[PDB]
Structures are given as structure tokens and as C-alpha cells.
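S.K.: Shown below is the structure under consideration.
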Amino acid sequence: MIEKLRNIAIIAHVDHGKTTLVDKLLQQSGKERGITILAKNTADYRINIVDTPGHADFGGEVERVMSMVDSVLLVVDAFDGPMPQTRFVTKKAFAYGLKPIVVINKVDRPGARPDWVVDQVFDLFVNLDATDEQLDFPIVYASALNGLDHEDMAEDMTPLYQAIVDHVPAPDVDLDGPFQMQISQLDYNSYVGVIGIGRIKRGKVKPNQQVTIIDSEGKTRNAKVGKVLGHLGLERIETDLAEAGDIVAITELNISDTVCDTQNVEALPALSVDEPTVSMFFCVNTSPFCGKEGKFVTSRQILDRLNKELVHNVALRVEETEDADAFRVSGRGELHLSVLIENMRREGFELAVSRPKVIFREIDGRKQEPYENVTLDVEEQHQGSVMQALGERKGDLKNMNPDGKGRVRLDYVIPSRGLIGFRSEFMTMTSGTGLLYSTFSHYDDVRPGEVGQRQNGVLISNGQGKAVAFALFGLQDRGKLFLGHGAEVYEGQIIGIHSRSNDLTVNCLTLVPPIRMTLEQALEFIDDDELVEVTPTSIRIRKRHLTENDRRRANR
Ligand SMILES: Nc1nc2c(ncn2[C@@H]2O[C@H](COP(=O)(O)OP(=O)(O)O)[C@@H](O)[C@H]2O)c(=O)[nH]1
């Protein structure tokens with residue numbers, strides 16, 4: 001049963017499908033796909049074959065695919081050869097010691113050239129070390145509708161069979177002991193819940209069987225389970241090990257998230273660089289515009305929506321709270337999350353989100369909060385205020401190579417927790433002639449001393465009427481304003497900033513041009529108490545508490 005298992009993956013050249021071969025090899029029972037096509041054969045070898053995508057999504061997609069398999073397959077046109085659509089995977093394929101299997105496809109073509117293509121699939125195949133292969137054999141020559149070189153050439157359908165059982169081994173994993181499995185792939189359905197798919201590392205799995213989740217500590221229960229056969233994932237009572245076993249009704253559930261039994265077990269590692277860096281709660285809009293401007297409010301629409309992204313987004317991680325109408329969403333970047341928000345924003349979603357709290361994950365002893373490699377380019381007299389603010393952000397400098405044309409380029413290493421806010425007043429210090437983006441680098445020990453705050457606070461309001469020049473031109477002698485003449489806010493909606501740490505509960509009812517604050521500039525601003533309402537039309541900045549005594553209430 002288990003020593004006849006062979007877990008492989010295929011790489012689609014330009015030409016998509018490979019069936020041909022993917023297909024016809026359903027030849028003993030048993031456009032397009034794809035996962036996982038587990039043929040069945042003896043002259044019984046179950047062979048789960050996971051199709052690595054022709055594309056590359058993002059944030060560590062394909063490396064996660066070969067976390068299941070122990071070897072690979074490479075389809076290459078005999079007319080043409082291998083391409084950049086193959087150079088994407090194969091590189092990451094050899095990263096784990098995966099012995100390849102080369103397939104010269106299309107052999108029957110009149111413009112085909114076998115041993116030249118082989119000679120290309122050597123030279124553009126070794127440059128990336130290995131270092132074996134060598135063999136690398138494999139080295140089959142295969143038609144679709146199915147006399148040169150290997151063999152050749154009987155029922156060019158069984159030769160490939162040899163290759164798999166001969167050179168691909170069975171997954172070295174323990175049948176017995178307490179159950180363990182790491183989720184490799186992920187998908188969702190409009191009334192399943194989340195769905196697993198993976199590779200059984202330890203033990204065996206009963207369909208109605210309690211379990212635990214890992215990286216955190218949830219003890220969610222199991223309900224249903226399913227095997228794969230043909231292009232279908234077909235239900236099964238119970239499955240052992242080493243298979244592409246597909247599973248439901250657990251939770252949330254995530255990519256990389258490990259999960260084993262409940263007795264004597266836990267856990268599973270292997271990130272590797274998929275784990276997120278940032279997080280913020282996603283809440284259904286409870287503020288005074290509940291279904292006004294927008295068209296998706298009921299929590300299980302949002303939930304539904306977030307899950308659907310967790311198929312595409314491999315660099316995303318969504319977990320569910322004690323509170324029903326709220327979800328801690330986390331991703332490998334603040335910019336990677338704002339995508340999800342503003343994309344959802346203009347699908348017509350009314351929801352709100354909490355402040356970007358950093359993922360203070362841990363690597364050996366020190367609680368290593370993440371850092372990033374900043375690059376910023378500014379006019380010279382701005383530099384004084386630029387440098388100044390960053391040495392207060394616990395942002396270490398690396399190099400500042402001056403171009404000598406009236407500008408300077410500055411290059412820092414800054415902590416994530418202290419990058420929150422700066423791209424507002426970088427654009428205010430430089431007055432627009434400051435241009436900066438950046439990139440995530442790695443986590444580092446404590447800053448230390450949490451100093452990623454902002455302050456002062458802002459001006460909170462106390463009525464649902466419209467803002468008037470009779471109140472705003474006076475209230476703006478406390479500080480700058482987020483609204484102008486005429487707009488109906490509510491009790492809670494921060495309509496501006498004070499000049500000092502004071503929060504105020506003012507009246508706009510009884511002018512300077514205001515501040516056009518973006519989605520990003522709202523999130524990367526709010527305090528831990530406050531929240532950002534995001535309708536599909538405008539953007540509001542509420543507090544979570546709406547009045548001047550309701551504020552004083554929660555303060556114990
Ligand atoms: N002559 C020849 N043509 C092939 C062979 N394999 C595929 N093709 C052609 O190339 C195209 C790509 O193969 P296909 O089976 O469509 O792969 P799919 O994208 O997985 O369906 C098909 O339209 C076939 O007509 C082969 O072994 N010999």
C-alpha cells in the first residue's frame with residue numbers, strides 16, 4: 001500500500017495540458033487540470049501527481065507545492081525546448097533534493113529534434129548546480145497519439161511507468177505513532193468551509209476525529225474527509241499516510257499551518273518564508289452608516305470573501321476571533337493587505353479594520369520583530385528633518401551615497417513597528433519631492449522598547465449633522481481638519497487633529513482646505529483604540545467608542 005506510493009509533480013512548458021500524458025495514463029482505471037490525478041497500476045502503485053502551475057502567483061507559491069512531492073516531471077517540446085515558464089519552477093524544484101524526470105514531448109512532430117533538445121535541456125539545466133543528475137533518467141521520449149532513439153518504441157505508455165517506480169522513491173514518513181500533517185495547498189467552497197489538501201507526515205486519519213492546530217493552538221474538530229481518483233476528489237471513509245489526502249470541516253485553517261492529533265503529538269515546522277509579518281482585525285461596519293453607501297455587510301459575506309482570496313493569496317493568513325463579527329487578517333506586508341481592503345472596498349464592501357499590529361514572531365530566545373530595507377531619495381535641505389525623525393524611529397542607517405546633483409539618496413534598515421506612519425510626514429517634510437518605497441528584509445531582536453506610536457490624538461465629534469464654517473473655522477484653531485464645509489459625520493468620527501496630546505469631543509454644527517487622507521494614511525495613523533471604517537465611496541476614521549463618557553467608561 002505505502003511503499004508503492006509515488007508523489008511527483010509536473011512542469012508545464014508554454015504548452016498547457018500535457019494530455020497527451022496527464023490524461024492517457026489513466027489507462028488501467030482511474031482545459032485543463034490538474035490536482036492531483038492519482039493513476040493506478042501494476043503489470044498497485046498509487047501515484048498522486050500534483051500539477052505545479054504554468055504561472056507563478058506570488059509570495060512563495062510553487063515551493064509550497066513540492067513540500068508534498070519527492071520528485072518531479074518536466075515536459076519539454078521536441079520542436080522547441082525548455083522556456084522561462086520552466087526556468088521559474090525547476091530552479092525552486094532542485095532547492096529540495098528532487099531528482100527530476102525529463103519528458104521530450106511532441107516527438108511525432110515533423111519539425112522535432114530529439115537530441116538537440118536534450119542538449120539544450122542539459123546546458124540550460126546544469127547551470128543551476130544539482131549537483132547529481134547525471135541521472136536524471138528519466139530521459140523518456142513521449143508522443144500524445146500513442147521511431148527514433150529510446151526505446152524505441154512499443155506502447156509508448158508503459159515506459160514512463162518504469163521511470164516513476166525506478167527513480168522516484170516512496171515518501172519517507174512514519175505510518176504509525178500519533179497523527180501529523182502540514183497543509184500544503186488550500187481551497188474554499190461556498191458552503192464547505194475551508195479545505196486542506198496535504199501530505200500525511202505521521203499516523204492515520206479517522207473521518208470523525210478530534211485534532212489540534214499549530215503555530216497557534218486551536219482545538220477545532222473534524223467532520224468529513226476525501227481521497228483523490230481520476231480528475232475527481234472522491235469521498236473515503238479513512239486514509240492512512242503519504243497520500244495527497246484532501247480534508248474539510250476544520251475551522252481558521254491555513255497554508256503552512258500544521259495540525260496533528262490531540263494525544264502525544266505536535267508539532268510541524270517548515271515555514272519556510274511564507275509566514276506573515278503584519279496583522280490587523282477586519283470588522284463588519286457597526287458605525288452610523290450600516291448599509292448606507294455599500295452592498296456587502298452580513299459577516300458571512302465578508303468571511304466568505306476573505307476565504308476565497310486564501311486560495312490565490314499564498315502570502316495571506318486569516319484567523320477567526322472570539323467575537324463573531326471580526327477577523328484577524330495577516331499577510332507578508334502592509335501593502336499586501338491594503339490590496340485586499342481596497343480591492344474589497346470597490347467590490348462594494350462596508351467593513352472596518354484595526355491598526356496594523358506587527359507580528360512579533362520568535363526565532364531563538366529574542367522576540368524578533370521584523371525589519372525592512374528602506375530606500376529614500378530627497379532634496380538636501382529636507383535631509384535634516386528626514387534623518388532626525390528616523391533616529392527617533394529606532395531606524396539604523398546603512399549608506400547615504402550622495403549623487404552630487406542637488407539631491408541625496410539615503411538607505412536605512414528600519415523596524416516594521418517603527419515604519420508605521422512615516423509615509424505621511426515624509427510627503428509633508430519634503431512637500432512631495434520626497435519619493436520613497438521600500439522592501440521587507442527580515443526579523444530582528446527587540447527594538448527594543450515599543451516606540452512605534454504617533455500622537456497627539458485627534459478631534460472627535462458629538463453630532464450627526466453637517467459641518468459648518470460657523471464651527472470648523474473655529475475648530476481649526478485647535479489643529480488641521482479632515483473635512484470641509486458640509487458633510488454628515490456622527491458621534492465618534494474623528495474629523496481632525498488637535499495641536500497637542502488632547503483628544504476632544506467637539507461640535508461641528510453650531511475655511512482652510514482639509515486633508516485628503518488615503519486608505520493607507522488612515523490605517524497607518526490610527527491608535528490601538530481607534531478603527532477605520534471603509535465604505536465603497538468615502539473613508540471614515542471612528543473611535544471604537546462613540547461619546548465623551550463612553551470614552552471615559554472603558555478606561556479602567
Ligand atoms: N504530434 C504530436 N502532437 C502533440 C503531442 N502531444 C501534444 N500534441 C499537440 O500539442 C497540443 C498540446 O497538447 P495537449 O494534449 O492539448 O495538452 P493539454 O494542454 O494538457 O490539453 C495539442 O493540441 C496536441 O495536438 C504528441 O505527442 N505528438
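Just remember, in the C-alpha cells the first chain shown is A, the second B, etc., residues are 1-based per chain, and ligands are 1-based in the order shown.
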Collect all residues with atoms no farther than 7 Å from ligand 1, counting only C-alpha atoms and all ligand atoms, and output them as a list in words.

M.R.: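 Listed by chain and ascending number, the contacts are residues 15, 16, 17, 18, 19, 20, 31, 32, 105, 106, 107, 108, 109, 142, 143, 144 and 145 of chain A.
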
S.K.: Output C-alpha atoms for every residue in the selection just made, as an mmCIF file, in the first residue's frame.

M.R.:
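As written to disk, again_12.cif reads:
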```cif
data_model
loop_
_atom_site.group_PDB
_atom_site.id
_atom_site.type_symbol
_atom_site.label_atom_id
_atom_site.label_comp_id
_atom_site.auth_asym_id
_atom_site.auth_seq_id
_atom_site.Cartn_x
_atom_site.Cartn_y
_atom_site.Cartn_z
ATOM 1 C CA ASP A 15 2.027 24.183 -23.840
ATOM 2 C CA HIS A 16 -0.626 23.624 -21.171
ATOM 3 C CA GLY A 17 -2.377 20.313 -20.548
ATOM 4 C CA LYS A 18 0.189 17.588 -21.182
ATOM 5 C CA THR A 19 -2.515 15.066 -22.080
ATOM 6 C CA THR A 20 -1.302 13.556 -24.077
ATOM 7 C CA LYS A 31 -8.555 22.616 -20.465
ATOM 8 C CA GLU A 32 -7.320 21.524 -18.144
ATOM 9 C CA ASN A 105 7.009 15.641 -25.725
ATOM 10 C CA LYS A 106 5.594 16.161 -29.267
ATOM 11 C CA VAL A 107 8.116 13.624 -30.637
ATOM 12 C CA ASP A 108 5.873 12.804 -33.603
ATOM 13 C CA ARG A 109 6.104 16.439 -34.945
ATOM 14 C CA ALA A 142 6.846 10.576 -25.434
ATOM 15 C CA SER A 143 4.088 11.164 -28.015
ATOM 16 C CA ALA A 144 0.397 12.009 -27.416
ATOM 17 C CA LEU A 145 -1.296 9.987 -30.144
#
```

S.K.: Within range 370-399 of chain A, find each residue whose DSSP state, derived from the backbone, is strand (DSSP E), and express the selection as a compact mmCIF listing (two decimals) with N, CA and C atoms, in the first residue's frame.

M.R.:
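Output contents, as saved in states.txt:
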```txt
# COMPACT_ATOMS: atom_id res chain seq x y z
N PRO A 370 9.94 42.19 13.05
CA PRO A 370 10.54 42.26 11.72
C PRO A 370 11.13 43.62 11.40
N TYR A 371 12.04 43.63 10.42
CA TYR A 371 12.71 44.83 9.92
C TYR A 371 12.58 44.93 8.40
N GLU A 372 12.93 46.09 7.83
CA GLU A 372 12.90 46.29 6.36
C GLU A 372 14.03 47.21 5.85
N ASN A 373 14.37 47.04 4.56
CA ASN A 373 15.44 47.79 3.87
C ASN A 373 14.86 49.01 3.18
N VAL A 374 14.97 50.17 3.82
CA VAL A 374 14.40 51.40 3.28
C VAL A 374 15.37 52.07 2.31
N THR A 375 14.80 52.60 1.22
CA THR A 375 15.49 53.45 0.27
C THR A 375 14.64 54.72 0.12
N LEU A 376 15.22 55.89 0.40
CA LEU A 376 14.53 57.18 0.26
C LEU A 376 15.41 58.25 -0.39
N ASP A 377 14.82 59.01 -1.31
CA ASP A 377 15.53 59.97 -2.15
C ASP A 377 14.88 61.34 -1.98
N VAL A 378 15.67 62.33 -1.56
CA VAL A 378 15.15 63.66 -1.19
C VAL A 378 16.11 64.79 -1.56
N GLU A 379 15.57 66.00 -1.74
CA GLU A 379 16.39 67.22 -1.80
C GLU A 379 17.15 67.44 -0.49
N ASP A 396 18.08 52.33 11.99
CA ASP A 396 19.53 52.34 11.79
C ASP A 396 19.86 52.68 10.33
N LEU A 397 20.84 53.56 10.12
CA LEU A 397 21.31 53.92 8.77
C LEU A 397 22.41 52.98 8.29
N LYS A 398 22.46 52.77 6.98
CA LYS A 398 23.47 51.92 6.36
C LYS A 398 24.38 52.77 5.45
N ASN A 399 23.85 53.29 4.34
CA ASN A 399 24.64 54.07 3.36
C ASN A 399 23.83 55.25 2.83
```

S.K.: With a distance cut-off of 8 Å and only C-alpha atoms, select the neighbouring residues of range 329-342 of chain A, excluding the residue or stretch itself and same-chain residues fewer than 2 positions from it, and output the selection as a list in words.

M.R.: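 In the requested form, the answer reads residues 59, 274, 275, 276, 277, 278, 279, 280, 281, 282, 315, 316, 317, 318, 319, 327, 344, 345, 346, 356, 440, 519 and 520 of chain A.
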
S.K.: Residues as selected, N, CA, C and O atoms, written as a PDB file, in the first residue's frame, can you do that?

M.R.:
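That gives us again_1.pdb:
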```
ATOM      1  N   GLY A  59       4.614  35.376  -3.461  1.00  0.00           N
ATOM      2  CA  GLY A  59       4.909  35.175  -2.031  1.00  0.00           C
ATOM      3  C   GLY A  59       5.240  33.781  -1.516  1.00  0.00           C
ATOM      4  O   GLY A  59       5.106  33.523  -0.306  1.00  0.00           O
ATOM      5  N   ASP A 274       6.971  31.752   4.045  1.00  0.00           N
ATOM      6  CA  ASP A 274       5.546  32.003   3.799  1.00  0.00           C
ATOM      7  C   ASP A 274       4.887  32.778   4.955  1.00  0.00           C
ATOM      8  O   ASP A 274       3.957  33.548   4.710  1.00  0.00           O
ATOM      9  N   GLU A 275       5.353  32.565   6.194  1.00  0.00           N
ATOM     10  CA  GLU A 275       4.713  33.123   7.405  1.00  0.00           C
ATOM     11  C   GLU A 275       4.615  34.643   7.317  1.00  0.00           C
ATOM     12  O   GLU A 275       5.561  35.295   6.884  1.00  0.00           O
ATOM     13  N   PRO A 276       3.475  35.210   7.731  1.00  0.00           N
ATOM     14  CA  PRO A 276       3.281  36.649   7.594  1.00  0.00           C
ATOM     15  C   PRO A 276       4.123  37.488   8.547  1.00  0.00           C
ATOM     16  O   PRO A 276       4.765  36.953   9.462  1.00  0.00           O
ATOM     17  N   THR A 277       4.083  38.801   8.299  1.00  0.00           N
ATOM     18  CA  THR A 277       4.796  39.833   9.064  1.00  0.00           C
ATOM     19  C   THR A 277       3.882  40.860   9.792  1.00  0.00           C
ATOM     20  O   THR A 277       4.256  41.387  10.845  1.00  0.00           O
ATOM     21  N   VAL A 278       2.693  41.118   9.246  1.00  0.00           N
ATOM     22  CA  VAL A 278       1.780  42.164   9.724  1.00  0.00           C
ATOM     23  C   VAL A 278       0.421  41.557  10.072  1.00  0.00           C
ATOM     24  O   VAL A 278       0.077  40.492   9.564  1.00  0.00           O
ATOM     25  N   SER A 279      -0.356  42.229  10.924  1.00  0.00           N
ATOM     26  CA  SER A 279      -1.759  41.845  11.146  1.00  0.00           C
ATOM     27  C   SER A 279      -2.661  43.005  11.586  1.00  0.00           C
ATOM     28  O   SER A 279      -2.200  44.000  12.162  1.00  0.00           O
ATOM     29  N   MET A 280      -3.953  42.842  11.313  1.00  0.00           N
ATOM     30  CA  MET A 280      -4.987  43.780  11.749  1.00  0.00           C
ATOM     31  C   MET A 280      -6.368  43.120  11.670  1.00  0.00           C
ATOM     32  O   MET A 280      -6.662  42.403  10.710  1.00  0.00           O
ATOM     33  N   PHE A 281      -7.202  43.355  12.681  1.00  0.00           N
ATOM     34  CA  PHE A 281      -8.557  42.807  12.711  1.00  0.00           C
ATOM     35  C   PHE A 281      -9.413  43.424  11.589  1.00  0.00           C
ATOM     36  O   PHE A 281      -9.223  44.584  11.237  1.00  0.00           O
ATOM     37  N   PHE A 282     -10.306  42.620  11.009  1.00  0.00           N
ATOM     38  CA  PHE A 282     -11.280  43.042   9.988  1.00  0.00           C
ATOM     39  C   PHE A 282     -12.660  42.905  10.599  1.00  0.00           C
ATOM     40  O   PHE A 282     -13.079  41.787  10.885  1.00  0.00           O
ATOM     41  N   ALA A 315       0.559  34.213   0.350  1.00  0.00           N
ATOM     42  CA  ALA A 315       1.141  35.070   1.376  1.00  0.00           C
ATOM     43  C   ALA A 315       0.048  35.795   2.169  1.00  0.00           C
ATOM     44  O   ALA A 315       0.097  37.016   2.351  1.00  0.00           O
ATOM     45  N   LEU A 316      -0.932  35.027   2.647  1.00  0.00           N
ATOM     46  CA  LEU A 316      -2.024  35.553   3.455  1.00  0.00           C
ATOM     47  C   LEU A 316      -2.440  34.518   4.487  1.00  0.00           C
ATOM     48  O   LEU A 316      -2.324  33.317   4.256  1.00  0.00           O
ATOM     49  N   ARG A 317      -2.933  34.998   5.620  1.00  0.00           N
ATOM     50  CA  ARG A 317      -3.219  34.154   6.771  1.00  0.00           C
ATOM     51  C   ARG A 317      -4.387  34.796   7.505  1.00  0.00           C
ATOM     52  O   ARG A 317      -4.277  35.921   7.991  1.00  0.00           O
ATOM     53  N   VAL A 318      -5.513  34.091   7.545  1.00  0.00           N
ATOM     54  CA  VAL A 318      -6.731  34.611   8.156  1.00  0.00           C
ATOM     55  C   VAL A 318      -7.148  33.687   9.290  1.00  0.00           C
ATOM     56  O   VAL A 318      -7.260  32.469   9.101  1.00  0.00           O
ATOM     57  N   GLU A 319      -7.373  34.285  10.461  1.00  0.00           N
ATOM     58  CA  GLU A 319      -7.794  33.568  11.671  1.00  0.00           C
ATOM     59  C   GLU A 319      -9.026  34.258  12.294  1.00  0.00           C
ATOM     60  O   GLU A 319      -9.222  35.474  12.146  1.00  0.00           O
ATOM     61  N   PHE A 327     -12.338  39.516  12.362  1.00  0.00           N
ATOM     62  CA  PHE A 327     -11.364  38.535  11.856  1.00  0.00           C
ATOM     63  C   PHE A 327      -9.953  39.091  11.778  1.00  0.00           C
ATOM     64  O   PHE A 327      -9.705  40.048  11.047  1.00  0.00           O
ATOM     65  N   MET A 344     -11.520  44.972  -2.058  1.00  0.00           N
ATOM     66  CA  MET A 344     -12.855  44.745  -1.471  1.00  0.00           C
ATOM     67  C   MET A 344     -13.660  46.027  -1.347  1.00  0.00           C
ATOM     68  O   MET A 344     -14.879  46.021  -1.535  1.00  0.00           O
ATOM     69  N   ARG A 345     -12.970  47.117  -1.035  1.00  0.00           N
ATOM     70  CA  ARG A 345     -13.579  48.441  -0.965  1.00  0.00           C
ATOM     71  C   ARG A 345     -14.415  48.711  -2.234  1.00  0.00           C
ATOM     72  O   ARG A 345     -15.607  49.010  -2.124  1.00  0.00           O
ATOM     73  N   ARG A 346     -13.820  48.534  -3.419  1.00  0.00           N
ATOM     74  CA  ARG A 346     -14.518  48.790  -4.707  1.00  0.00           C
ATOM     75  C   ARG A 346     -15.223  47.575  -5.364  1.00  0.00           C
ATOM     76  O   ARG A 346     -15.637  47.649  -6.521  1.00  0.00           O
ATOM     77  N   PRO A 356      -2.619  48.395  12.101  1.00  0.00           N
ATOM     78  CA  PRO A 356      -1.607  47.393  11.794  1.00  0.00           C
ATOM     79  C   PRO A 356      -0.714  47.114  12.998  1.00  0.00           C
ATOM     80  O   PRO A 356       0.157  47.918  13.328  1.00  0.00           O
ATOM     81  N   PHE A 440      10.547  44.471   2.396  1.00  0.00           N
ATOM     82  CA  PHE A 440      10.702  43.661   3.626  1.00  0.00           C
ATOM     83  C   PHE A 440      11.992  42.842   3.579  1.00  0.00           C
ATOM     84  O   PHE A 440      12.296  42.231   2.549  1.00  0.00           O
ATOM     85  N   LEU A 519      -6.570  55.542   2.031  1.00  0.00           N
ATOM     86  CA  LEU A 519      -6.761  54.274   2.740  1.00  0.00           C
ATOM     87  C   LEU A 519      -5.548  53.915   3.570  1.00  0.00           C
ATOM     88  O   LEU A 519      -5.675  53.479   4.711  1.00  0.00           O
ATOM     89  N   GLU A 520      -4.376  54.088   2.976  1.00  0.00           N
ATOM     90  CA  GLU A 520      -3.123  53.740   3.638  1.00  0.00           C
ATOM     91  C   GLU A 520      -2.884  54.690   4.818  1.00  0.00           C
ATOM     92  O   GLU A 520      -2.660  54.252   5.958  1.00  0.00           O
TER      93      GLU A 520
END
```

S.K.: Which of these, A:181, A:205, A:413, A:244, has the shortest distance to residue 50 in chain A once you count only C-alpha atoms?

M.R.: A:244

S.K.: Measuring between only C-alpha atoms, which one of A:359, A:516, A:120, A:151 shows the shortest distance to residue 483 in chain A?

M.R.: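 So, comparing all the options, the nearest one is A:516.
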
S.K.: Please list as JSON, numbers by chain every residue within 12 Å of residue 363 in chain A, counting only C-alpha atoms and excluding residues in the same chain fewer than 3 positions away.

M.R.: {"A": [271, 360, 366, 367, 368, 369, 370, 442, 443, 444, 445, 446]}

S.K.: Select, from A:248, A:420, A:22, A:165, the residue with the minimum atom-to-atom distance to residue 36 in chain A, counting only C-alpha atoms.

M.R.: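 Residue with the minimum atom-to-atom distance to residue 36 in chain A: A:22.
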
S.K.: Which residues of range 330-401 of chain A come within 7 Å of range 285-307 of chain A, and what is each one's closest atom pair and distance in Å (one decimal), counting only C-alpha atoms, sorted by chain and residue number, as a Markdown table?

M.R.:
```
| residue | atom | partner | partner_atom | distance |
| --- | --- | --- | --- | --- |
| A:348 | CA | A:294 | CA | 5.2 |
| A:349 | CA | A:296 | CA | 4.8 |
| A:350 | CA | A:294 | CA | 5.5 |
| A:351 | CA | A:285 | CA | 4.4 |
| A:352 | CA | A:285 | CA | 5.5 |
```

S.K.: Determine, counting only C-alpha atoms, which protein, DNA and RNA residues have an atom within 9 Å of an atom of residue 390 in chain A; residues of the same chain fewer than 2 positions away are not included. Present the result as an mmCIF file with N, CA, C and O atoms, in the first residue's frame.

M.R.:
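Result file around-v5.cif:
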```cif
data_model
loop_
_atom_site.group_PDB
_atom_site.id
_atom_site.type_symbol
_atom_site.label_atom_id
_atom_site.label_comp_id
_atom_site.auth_asym_id
_atom_site.auth_seq_id
_atom_site.Cartn_x
_atom_site.Cartn_y
_atom_site.Cartn_z
ATOM 1 N N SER A 385 15.479 67.034 8.553
ATOM 2 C CA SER A 385 14.206 66.573 9.160
ATOM 3 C C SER A 385 13.905 65.087 8.901
ATOM 4 O O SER A 385 13.187 64.446 9.679
ATOM 5 N N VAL A 386 14.419 64.564 7.787
ATOM 6 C CA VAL A 386 14.264 63.155 7.429
ATOM 7 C C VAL A 386 15.082 62.298 8.395
ATOM 8 O O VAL A 386 14.514 61.492 9.140
ATOM 9 N N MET A 387 16.403 62.497 8.390
ATOM 10 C CA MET A 387 17.313 61.774 9.284
ATOM 11 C C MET A 387 16.813 61.847 10.728
ATOM 12 O O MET A 387 16.672 60.819 11.394
ATOM 13 N N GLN A 388 16.531 63.072 11.175
ATOM 14 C CA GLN A 388 16.040 63.369 12.533
ATOM 15 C C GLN A 388 14.884 62.472 12.995
ATOM 16 O O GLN A 388 14.940 61.907 14.090
ATOM 17 N N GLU A 392 14.823 58.735 15.730
ATOM 18 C CA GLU A 392 13.757 58.612 16.739
ATOM 19 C C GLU A 392 12.810 57.420 16.474
ATOM 20 O O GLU A 392 12.134 56.963 17.401
ATOM 21 N N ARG A 393 12.748 56.937 15.223
ATOM 22 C CA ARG A 393 12.055 55.674 14.880
ATOM 23 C C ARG A 393 12.870 54.391 15.135
ATOM 24 O O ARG A 393 12.478 53.319 14.665
ATOM 25 N N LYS A 394 13.992 54.485 15.857
ATOM 26 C CA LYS A 394 14.938 53.370 16.004
ATOM 27 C C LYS A 394 15.335 52.765 14.648
ATOM 28 O O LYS A 394 15.518 51.548 14.523
ATOM 29 N N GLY A 395 15.474 53.640 13.647
ATOM 30 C CA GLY A 395 15.856 53.261 12.297
ATOM 31 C C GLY A 395 17.349 53.446 12.092
ATOM 32 O O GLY A 395 17.834 54.581 12.033
ATOM 33 N N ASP A 396 18.076 52.332 11.989
ATOM 34 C CA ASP A 396 19.532 52.344 11.789
ATOM 35 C C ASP A 396 19.863 52.683 10.335
ATOM 36 O O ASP A 396 19.240 52.149 9.422
ATOM 37 N N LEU A 397 20.844 53.563 10.125
ATOM 38 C CA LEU A 397 21.305 53.918 8.771
ATOM 39 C C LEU A 397 22.405 52.977 8.293
ATOM 40 O O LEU A 397 23.191 52.471 9.097
ATOM 41 N N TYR A 412 18.339 53.086 4.661
ATOM 42 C CA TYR A 412 18.255 52.629 6.057
ATOM 43 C C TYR A 412 17.865 51.156 6.192
ATOM 44 O O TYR A 412 17.417 50.512 5.232
ATOM 45 N N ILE A 414 15.227 49.712 8.936
ATOM 46 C CA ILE A 414 14.293 50.201 9.963
ATOM 47 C C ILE A 414 13.434 49.026 10.437
ATOM 48 O O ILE A 414 13.229 48.065 9.674
ATOM 49 N N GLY A 418 8.250 50.528 13.751
ATOM 50 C CA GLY A 418 8.562 51.953 13.649
ATOM 51 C C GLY A 418 8.492 52.571 12.260
ATOM 52 O O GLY A 418 8.861 53.730 12.100
ATOM 53 N N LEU A 419 8.038 51.816 11.258
ATOM 54 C CA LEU A 419 7.737 52.365 9.927
ATOM 55 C C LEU A 419 6.264 52.809 9.819
ATOM 56 O O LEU A 419 5.876 53.480 8.857
ATOM 57 N N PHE A 422 5.202 56.878 8.848
ATOM 58 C CA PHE A 422 6.200 57.785 8.289
ATOM 59 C C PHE A 422 5.935 58.295 6.863
ATOM 60 O O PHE A 422 6.315 59.425 6.527
#
```
